[PDB]
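J.: Any chance you could fold what I've pasted below:
(one chain, ligands or ions: 1)
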Amino acid sequence: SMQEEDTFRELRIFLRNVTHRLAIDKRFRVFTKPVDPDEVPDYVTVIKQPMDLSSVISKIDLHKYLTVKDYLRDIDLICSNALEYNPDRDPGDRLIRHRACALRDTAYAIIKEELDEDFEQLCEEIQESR
Ligand SMILES: CC(=O)c1nc(NC(=O)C2(N)CCC2)sc1-c1cncc(N)c1
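T.: Residues are numbered from 1 along each chain as shown. Structure as follows:
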């Protein structure tokens, strides 16, 4: 219905706002663009499912997120990718890992504080009916 399309539009508006707030945070600059396949060639080999904040914005606009859970799966993917590609004790690796986990914790905290539980529940119930 049109009520349901209004629900999803509200979700997209909310997701764009959260994603913008993540993308302007200086700590998260490394997660804002895809990994250049020239700049580092072993990435697309180790990371089978790359994900970044600009790709998150594209998926929002393509209506690929019908629930905040769908969105948080891709946030989780940005983080776990970073942990897996950077597993070493070197300080470069530890810094990215620290930032990846901060990205994840920040997104979950914003959603927990600002997304109404019933709004998300509605999104899920519309999703299950399709
Ligand atoms: C996204 C990611 O996981 C990522 N990880 C990197 N890791 C490192 O450079 C090391 N510490 C381990 C190799 C040294 S670079 C990088 C990245 C690569 N191209 C572009 C952008 N925006 C980030």
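J.: For residue 31, which residues are in contact?
T.: Residues near residue 31 by C-beta atoms under 8 Å, 6 or more residues apart in numbering: 22, 52, 53, 78, 82, 99, 100, 103. Where you see a C-beta, it was placed from the backbone N, CA and C, and this is true even at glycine.
J.: Tell me how far it lies from residue 77.
T.: Look at residue 31 and residue 77: by C-beta to C-beta, to the nearest Å, they are 11 Å apart.
J.: Excluding residues flanking it in the chain, which one is nearest whichever residue of the chain sits closest to the ligand?
T.: Here the chain gets closest to the ligand at one residue, residue 92, 3.1 Å apart by C-beta to the nearest ligand atom. Leaving aside its chain neighbours, residue 92 sits nearest to residue 86 (7.5 Å; criterion: C-beta to C-beta, 6 or more residues apart in numbering).
J.: Is it correct that that neighbour is in contact with residue 99?
T.: No. Under the criterion of C-beta atoms under 8 Å, residue 86 is not in contact with residue 99, lying 9.9 Å apart.
J.: Those two: who's more crowded?
T.: For residue 86 versus residue 99, neighbours defined as other C-beta atoms under 10 Å are more numerous around residue 99 (20 against 16).
J.: My read is that the more buried one contacts residue 25, right?
T.: No. Assessed by C-beta under 8 Å, residue 99 is found out of contact with residue 25, at 9.3 Å.
J.: still on that earlier bit, can you pull the contacts of the residue nearest to residue 92?
T.: Per C-beta under 8 Å, 6+ apart, neighbours of residue 86: 92, 93, 96, 97, 100.
J.: before we move on, what about residue 110?
T.: Counting by C-beta under 8 Å, 6+ apart, residue 110 touches 18, 21.
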